[PDB]
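Chain by chain, the residues:
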Amino acid sequence: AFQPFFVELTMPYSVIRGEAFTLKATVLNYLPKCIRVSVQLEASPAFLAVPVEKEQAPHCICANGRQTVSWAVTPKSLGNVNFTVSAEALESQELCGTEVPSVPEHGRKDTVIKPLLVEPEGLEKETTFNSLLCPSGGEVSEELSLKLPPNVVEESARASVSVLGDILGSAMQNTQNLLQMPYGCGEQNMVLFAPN
Amino acid sequence: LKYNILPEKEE
Amino acid sequence: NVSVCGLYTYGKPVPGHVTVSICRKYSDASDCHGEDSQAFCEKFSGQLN
Amino acid sequence: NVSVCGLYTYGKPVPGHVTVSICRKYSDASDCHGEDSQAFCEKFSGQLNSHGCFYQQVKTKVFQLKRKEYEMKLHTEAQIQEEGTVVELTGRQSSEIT
Amino acid sequence: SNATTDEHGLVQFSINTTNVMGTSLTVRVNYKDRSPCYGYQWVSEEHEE
Ligand SMILES: *[C@@H]1O[C@H](CO)[C@@H](O[C@@H]2O[C@H](CO)[C@@H](O)[C@H](O)[C@H]2NC(C)=O)[C@H](O)[C@H]1NC(C)=O
Ligand SMILES: *[C@@H]1O[C@H](CO)[C@@H](O[C@@H]2O[C@H](CO)[C@@H](O)[C@H](O)[C@H]2NC(C)=O)[C@H](O)[C@H]1NC(C)=O
Ligand SMILES: *[C@@H]1O[C@H](CO)[C@@H](O)[C@H](O)[C@H]1NC(C)=O
Ligand SMILES: *[C@@H]1O[C@H](CO)[C@@H](O)[C@H](O)[C@H]1NC(C)=O
């Protein structure tokens, strides 16, 4: 499948809130009608946008021509978040090519909305303890509670627990490999017989 | 656990 | 002889710069404790028209 | 640093160029390849200096100073300037095994 | 006998049978371990048999 008048936005997959960066998305015209396209993005309060080549207007994009503009960016929100861009042909700018009809299909303007996971800023270190309890005829009880807020950045904490017996997490293959009828000298048989 | 540190050490 | 071009989204084109790679494997470098197992490599760069 | 200057009358060298077949060699070949027994033939050729004897620096890394890379057999391709009767011969060819 | 490749590289044997029990067949273009390029070491060339 194709799209006639669209913005193909590509970028890294996951970013960080703290530091700033730029991204670069492109509008694509596979049509010999050579169009000046005014690309922009609709920025939410989740981030602030500042461009680097928006003072100058784009010129035109003929068949397979493409006008691309960079946008420095720093986010503030978190989580699975959407991403915004814009695209549409424009009329009456006869300065670049010979003409510009500027009428793709009724969905001529292309406004893409793309997702994003944004893991956090800062030094990701961890915390973890454990314990084992078992009565045969009664009850036991554990308690783990780790208060570690030294001069912190908030919304960082997360654990994900395990009630587990790791006797056989992935222990099938030794348990049905290590079986043999012995061979050779005495020490050979002892290694072939003792693990069993 | 998963958590974050280092907001300072800029003196 | 070498050739390269991909079927794009709808088999379309898109241009750029290409850097083709040519190297041999299991080079002559020390044979148990590898140093430069990548062989004497070459550079055939191109402009994807 | 394979140091190479022989003079056709001991006082008259050429301002020119010389190469030399520094080659990793010495593996009994039927020349089934169509090329001789070289595991390597390296070309640290240099222009012969008009002033003085000409000397060359050949690194033994690319020579691949390896256990199962074998003794060398060396056969210069010494070329003569504006004469065309270029010289070639296998001397200093029978080396040792370390 | 002797034959020569068609476009598919084919010749079509046909052997009358009434002789000693076993029978070994091989068809050749190039000789048995030729004298130049004998190949008794590291070189890579072994013609098909
Ligand atoms: C941002 O994108 C997320 C997905 O990454 C949106 O969450 C989905 O919302 C739709 C309705 O619009 C639900 O049908 C889906 O179930 C939601 N996610 C999934 C896959 O479960 C979210 O609505 C978008 N807007 C926000 C809040 O940023
Ligand atoms: C012997 O080998 C050494 C190491 O290569 C030479 O030292 C340098 O060689 C490079 C060329 O490979 C020159 O460009 C540098 O000027 C040399 N540095 C010096 C002066 O030590 C050394 O010249 C070689 N000797 C000869 C004449 O063969
Ligand atoms: C390259 O040339 C060979 C013949 O040597 C031919 O068979 C092949 O189709 C050509 N194309 C390639 C492999 O790039
Ligand atoms: C094949 O050899 C046998 C030998 O007895 C002969 O009788 C026969 O005629 C030959 N070929 C055929 C099938 O005619």
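Thresholds, definitions, all that
- Residues numbered from 1 in each chain as written, not as in the entry; some residues may be left out.
- Chains lettered and ligands numbered in written order.
- Part of a larger assembly, values for the part shown.
- Heavy atoms only, no water.
- Helix = DSSP H or I, 4+ residues; strand = E, 2+ residues; numbered from the N terminus.
- Rg over C-alpha atoms; globule rule 2.2 N^0.38 Å.
- Buried < 20%, exposed > 50% of the residue type's maximum accessible area, 1.4 Å probe, protein only.
- Contact = heavy atoms within 4.5 Å.
- Disulfide = S-S within 2.5 Å.
- UniProt positions renumbered as here; feature names shortened; annotations may be inferred.

In terms of determination method and resolution, the entry is listed under cryo-EM at 4.3 Å.

Let us look at the overall build of chain A. Summing up its helical and strand segments, chain A has one helix and nine strands in all. Secondary structure of chain A in N-to-C order comes out as β-β-β-β-β-β-β-β-β-α. In terms of overall size, chain A is more extended than a compact globule, its C-alpha atoms giving a radius of gyration of 31 Å where 196 residues would be expected to give roughly 16 Å. Principal axes of the C-alpha set define a box for chain A whose edges measure 95 × 55 × 30 Å. Residues classed as buried in chain A amount to 25% of the 196 residues present. Put simply, 68% of the contacts in chain A that link residues at least 6 apart link residues at least 24 apart.

To continue, consider the UniProt feature "disulfide bond" in chain C. Below 2.5 Å lies the sulfur separation expected of a disulfide, and the 2.0 Å found between C:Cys23 and C:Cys41, a pair UniProt records as linked, sits within that range. Residue C:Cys23 is located in the loop between β1 (16-22) and β2 (42-48), and its partner C:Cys41 is located in the loop between β1 and β2; the two are separated by 18 residues in the primary sequence.

On to the UniProt feature "disulfide bond" in chain A, then. Residues and elements named next belong to chain A. With sulfur atoms 2.0 Å apart, the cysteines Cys34 and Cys62 match their UniProt disulfide annotation in this structure. Residue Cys34 is found in the loop between β2 (21-29) and β3 (47-51), and its partner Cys62 is found in the loop between β3 and β4 (65-75); the two are separated by 28 residues along the sequence. By relative accessible area, which is 9% here, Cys34 ends up buried. Look at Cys62 and you get partly exposed, because its relative accessible area is 38%. The sulfur-sulfur separation between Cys60 and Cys96, a disulfide according to UniProt, is 2.0 Å, below the 2.5 Å limit, so the bridge is formed here. Here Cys60, found in the loop between β3 and β4, pairs with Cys96, found in the loop between β6 (83-84) and β7 (113-114); they are 36 residues apart in sequence, far enough to count as distant. The class of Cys96 is partly exposed, set by a relative accessible area of 28%.

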